[PDB]
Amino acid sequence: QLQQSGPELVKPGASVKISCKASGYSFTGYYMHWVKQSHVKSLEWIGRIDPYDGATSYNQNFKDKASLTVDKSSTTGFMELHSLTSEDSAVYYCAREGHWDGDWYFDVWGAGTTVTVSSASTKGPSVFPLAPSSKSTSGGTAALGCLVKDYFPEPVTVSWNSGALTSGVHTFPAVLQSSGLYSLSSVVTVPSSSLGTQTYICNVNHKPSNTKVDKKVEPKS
């Protein structure tokens, strides 16, 4: 697979270098390409690098904007984006051009790095339980969750029971508050019969500010 670096806040005019660690295949055997996904969901190819010799080929629109390097000894590829403006806020993917039955196409993608260009400062969220009660029961099931309030920028990562509880989770799109800060909730539906034995913990990781919160969500007593 391919493992990209976490999300980035970047001041306008500044630069940032994002990375893409390759594992499980021969690094210098395949091109590593980089793709920008703008918030309107348009995809554009940025360029590619030959990890064997460091040779780069760039989309002409990103010539002054991106530079591709590679570190053989750490089988990791890097894209540096220069002199950033509002138009460079987006999700950046790396992808391996692989081969199958004698043809070439993009066959492994990293998960994306969100870059937000802003002069505002990063700010970690406050996390509050949404406790289950008689007002959040239906059909013998209970809903519960966490309110993740007042952070900047996107994205914040929410998981439940350290990744073990995924079925029935809904982590909603963030809303933009009048303050210019974001909030979201993440909820899960569970058996109501098991609220006395199971433990439900929402894990919140807001990497831009290096903020991590675990909140155990319990019934009100």
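So that there is no doubt, residue numbering starts at 1 and follows the sequence shown.
Between 153-161 and 52-60, the higher mean Cα B-factor belongs to 52-60. Stretch comparison (207-215 versus 19-27) by mean CA B-factor in the PDB entry places 19-27 on top. Out of 175, 187, 190, 40, the entry records its largest CA B-factor for 40. For the set 181, 35, 70, 169, the maximum C-alpha B-factor listed in the entry falls on 70. Among all modelled residues in this chain, the alpha-carbon of residue 202 has a temperature factor (C-alpha) in the lowest third. When all modelled residues of the chain are sorted by CA temperature factor, residue 141 is found within the lowest third. The PDB entry assigns residue 77 a C-alpha temperature factor belonging to the highest third of its chain's modelled residues. Among the modelled residues of its chain, residue 102 has a C-alpha B-factor that falls in the highest third according to the deposited record.
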